[PDB]
Structure formats: C-alpha cells, structure tokens
Amino acid sequence: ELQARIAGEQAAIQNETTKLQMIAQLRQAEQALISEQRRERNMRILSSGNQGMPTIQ
Amino acid sequence: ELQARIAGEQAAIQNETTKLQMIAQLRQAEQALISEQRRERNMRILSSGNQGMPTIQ
Amino acid sequence: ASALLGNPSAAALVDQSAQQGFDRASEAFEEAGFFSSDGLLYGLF
Amino acid sequence: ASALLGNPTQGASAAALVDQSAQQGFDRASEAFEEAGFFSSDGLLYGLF
C-alpha cells in the first residue's frame with residue numbers, strides 16, 4: 001500500500017509538471033497577444049484609410 | 001493490480017508531457033514560418049529584379 | 001482651371017496633386033507599420 | 001548621340017543618356033535596399049546607403 005501511495009504521489013508531481021508546461025505556454029501566448037494589440041494600435045494610427053487633417057481657420 | 005494501474009496512469013501523464021513539449025516546438029516553428037513569410041513579402045517588394053515605374057502621361 | 005490643363009479654384013489643383021503624393025507617403029508609412037522591425041526603410045521612403 | 005561619345009551609337013535620342021545613368025544609380029540604390037531587406041535588423045544601414 002505504501003508503494004502504491006508513493007506511486008500516486010509521483011503521479012501528482014507529474015501532473016504539476018504538465019500544469020507548469022501549460023502555464024509557460026500560456027505566458028508565451030499572452031506576450032504574443034500583447035504584441036498583436038500593440039501592432040493593431042500602430043496600424044490604426046498609421047492607416048492609409050484615415051481622411052482627416054488639421055483645418056486652417 | 002492497483003499498483004500496475006497507477007503505473008499506467010503515470011505513463012499516460014508522461015505521454016501528455018511529451019505531447020506538450022511537441023506542441024511547444026510546433027508553436028516555435030509556426031512563429032518562425034510566419035517570420036519567413038514576412039521576409040518573403042519584404043524581399044518581393046524590394047527586389048532588384050523589378051522593372052516597373054510610374055509613367056508620365 | 002483650363003488655360004493650359006485642357007480639362008474643363010486654383011486652391012484645388014495643388015491640393016489634389018499633394019493629396020496623391022501624401023497618399024503614397026501614407027501607404028509607405030503603413031508598410032512601415034506592418035514590418036515592426038525591418039520597416040523603418042519604408043518610413044524613410 | 002555621337003559628337004563626343006566616340007563609341008558609335010546606331011541611333012537614339014538625348015535625355016536617353018540621362019535616363020541610362022540615372023538607371024545605373026537607382027539600380028545600385030535598389031541593390032542596397034535589397035541588402036537592407038536581407039538583414040531584418042542591422043539592415044537599416046543599407047537603407048541609408
């Protein structure tokens with residue numbers, strides 16, 4: 001019974017390892033998404049579809 | 001039998017760990033491929049083999 | 001309007017030609033925006 | 001066409017020559033831009049060239 005308990009404990013540590021891998025992937029995805037938002041803002045400022053300009057009055 | 005079942009369960013978590021590693025490698029490869037496509041587009045715009053220019057008419 | 005243009009106010013033709021030029025410049029700036037790095041060449045253009 | 005060039009030209013115009021020389025210069029500039037494209041970063045030096 002103690003051997004099987006220790007085996008279950010190893011399985012739990014395995015699960016934590018998988019969870020940490022998943023957290024690292026999510027971290028990378030979040031950084032990529034922040035970069036995408038930055039580039040969306042940049043595109044919106046510099047878009048050639050803009051039609052406005054200051055008016056002389 | 002329960003010990004061997006828990007051992008199989010550990011093997012399954014090992015397999016998931018390997019799968020996550022493979023997913024991370026694929027993520028990196030996909031980012032590299034997107035960069036390669038960007039650079040192909042950039043090269044196509046700036047290629048010295050282009051021969052066109054605007055015409056005065 | 002038509003003395004030498006041949007196409008039937010003057011504060012208009014200069015604005016149209018400059019608009020075409022500045023539209024090309026804006027397209028260059030947009031291309032610079034697309035390439036985050038390796039894009040300031042389009043900014044210089 | 002041939003008054004001072006010396007090398008015989010079969011027949012052509014004048015501005016033609018300005019266009020050819022400007023084409024050589026602009027081709028060198030285009031090659032510099034291509035090199036700038038190759039080096040994504042550390043490539044804007046070639047853009048300035």
# chains A, B, ... in the order shown; residues from 1 in each chain; ligands from 1
call {"tool": "interface_residues", "arguments": {"of": "chain A", "to": "chain B", "cutoff": "9 Å", "atoms": "only C-alpha atoms", "output": "JSON, numbers by chain"}}
result
{"A": [1, 3, 4, 5, 7, 8, 10, 11, 12, 14, 15, 17, 18, 21, 22, 25]}
call {"tool": "interface_residues", "arguments": {"of": "chain A", "to": "chain C", "cutoff": "7 Å", "atoms": "only C-alpha atoms", "output": "PyMOL selection string"}}
result
chain A and resi 42-43+46-48
call {"tool": "write_last_selection", "arguments": {"atoms": "N, CA, C and O atoms", "output": "PDB file, in the first residue's frame"}}
result
ATOM      1  N   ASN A  42      -0.751  50.462 -33.598  1.00  0.00           N
ATOM      2  CA  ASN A  42       0.149  51.116 -34.539  1.00  0.00           C
ATOM      3  C   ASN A  42      -0.484  51.217 -35.918  1.00  0.00           C
ATOM      4  O   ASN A  42      -0.386  52.253 -36.584  1.00  0.00           O
ATOM      5  N   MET A  43      -1.120  50.127 -36.355  1.00  0.00           N
ATOM      6  CA  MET A  43      -1.775  50.115 -37.691  1.00  0.00           C
ATOM      7  C   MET A  43      -2.906  51.144 -37.700  1.00  0.00           C
ATOM      8  O   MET A  43      -3.056  51.833 -38.723  1.00  0.00           O
ATOM      9  N   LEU A  46      -1.481  54.696 -38.150  1.00  0.00           N
ATOM     10  CA  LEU A  46      -0.836  54.950 -39.430  1.00  0.00           C
ATOM     11  C   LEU A  46      -1.656  54.481 -40.623  1.00  0.00           C
ATOM     12  O   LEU A  46      -1.132  54.453 -41.738  1.00  0.00           O
ATOM     13  N   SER A  47      -2.913  54.103 -40.418  1.00  0.00           N
ATOM     14  CA  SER A  47      -3.713  53.559 -41.505  1.00  0.00           C
ATOM     15  C   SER A  47      -3.874  54.575 -42.623  1.00  0.00           C
ATOM     16  O   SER A  47      -4.098  55.761 -42.380  1.00  0.00           O
ATOM     17  N   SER A  48      -3.759  54.099 -43.860  1.00  0.00           N
ATOM     18  CA  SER A  48      -3.947  54.953 -45.023  1.00  0.00           C
ATOM     19  C   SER A  48      -5.409  55.243 -45.309  1.00  0.00           C
ATOM     20  O   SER A  48      -5.699  56.085 -46.163  1.00  0.00           O
TER      21      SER A  48
END
call {"tool": "atom_distance", "arguments": {"atom1": "atom CA of residue 49 of chain A", "atom2": "atom CA of residue 38 of chain B"}}
result
22.2 Å
call {"tool": "atom_distance", "arguments": {"atom1": "atom CA of residue 48 of chain D", "atom2": "atom CA of residue 20 of chain D"}}
result
23.0 Å
call {"tool": "closest_residue", "arguments": {"among": "D:23, D:43, D:2, D:49", "to": "chain C", "atoms": "only C-alpha atoms"}}
result
D:43
call {"tool": "atom_distance", "arguments": {"atom1": "atom CA of residue 31 of chain D", "atom2": "atom CA of residue 20 of chain C"}}
result
27.1 Å
call {"tool": "closest_atom_pairs", "arguments": {"of": "chain D", "to": "chain B", "cutoff": "8 Å", "atoms": "only C-alpha atoms", "output": "tab-separated table"}}
result
residue	atom	partner	partner_atom	distance
D:27	CA	B:48	CA	7.1
D:30	CA	B:48	CA	5.5
D:31	CA	B:48	CA	5.8
D:33	CA	B:46	CA	6.4
D:34	CA	B:46	CA	5.7
D:37	CA	B:43	CA	6.0
D:38	CA	B:43	CA	7.3
D:40	CA	B:39	CA	7.9
call {"tool": "write_last_selection", "arguments": {"atoms": "C-alpha atoms", "output": "compact mmCIF listing (two decimals), in the first residue's frame"}}
result
# COMPACT_ATOMS: atom_id res chain seq x y z
CA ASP D 27 19.89 50.13 -59.59
CA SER D 30 17.81 49.17 -55.27
CA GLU D 31 20.54 46.64 -54.52
CA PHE D 33 17.54 48.29 -50.41
CA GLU D 34 17.58 44.57 -51.17
CA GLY D 37 15.70 43.66 -46.70
CA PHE D 38 18.00 40.69 -46.17
CA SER D 40 15.93 42.43 -40.94
call {"tool": "closest_atom_pairs", "arguments": {"of": "chain C", "to": "chain D", "cutoff": "9 Å", "atoms": "only C-alpha atoms", "output": "JSON lines"}}
result
{"residue": "C:37", "atom": "CA", "partner": "D:41", "partner_atom": "CA", "distance": 6.3}
{"residue": "C:38", "atom": "CA", "partner": "D:40", "partner_atom": "CA", "distance": 4.6}
{"residue": "C:39", "atom": "CA", "partner": "D:40", "partner_atom": "CA", "distance": 8.4}
{"residue": "C:40", "atom": "CA", "partner": "D:44", "partner_atom": "CA", "distance": 7.2}
{"residue": "C:41", "atom": "CA", "partner": "D:47", "partner_atom": "CA", "distance": 5.8}
{"residue": "C:44", "atom": "CA", "partner": "D:47", "partner_atom": "CA", "distance": 8.3}
call {"tool": "residues_around", "arguments": {"residues": "residue 3 of chain D", "least_positions_apart": "5", "cutoff": "12 Å", "atoms": "only C-alpha atoms", "output": "JSON, numbers by chain"}}
result
{"D": [8, 9, 14]}
call {"tool": "write_last_selection", "arguments": {"atoms": "N, CA, C and O atoms", "output": "mmCIF file, in the first residue's frame"}}
result
data_model
loop_
_atom_site.group_PDB
_atom_site.id
_atom_site.type_symbol
_atom_site.label_atom_id
_atom_site.label_comp_id
_atom_site.auth_asym_id
_atom_site.auth_seq_id
_atom_site.Cartn_x
_atom_site.Cartn_y
_atom_site.Cartn_z
ATOM 1 N N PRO D 8 30.548 54.371 -81.408
ATOM 2 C CA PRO D 8 29.423 54.597 -82.324
ATOM 3 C C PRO D 8 28.115 54.098 -81.731
ATOM 4 O O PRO D 8 28.037 52.985 -81.206
ATOM 5 N N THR D 9 27.088 54.936 -81.818
ATOM 6 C CA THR D 9 25.723 54.568 -81.454
ATOM 7 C C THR D 9 24.907 54.553 -82.739
ATOM 8 O O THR D 9 25.000 55.482 -83.547
ATOM 9 N N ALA D 14 18.529 61.890 -76.673
ATOM 10 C CA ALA D 14 19.497 62.609 -75.803
ATOM 11 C C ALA D 14 19.218 62.383 -74.310
ATOM 12 O O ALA D 14 20.117 61.857 -73.634
#
call {"tool": "select_by_dssp", "arguments": {"residues": "chain A", "states": "alpha helix (DSSP H)", "output": "number ranges by chain"}}
result
A: 2-46
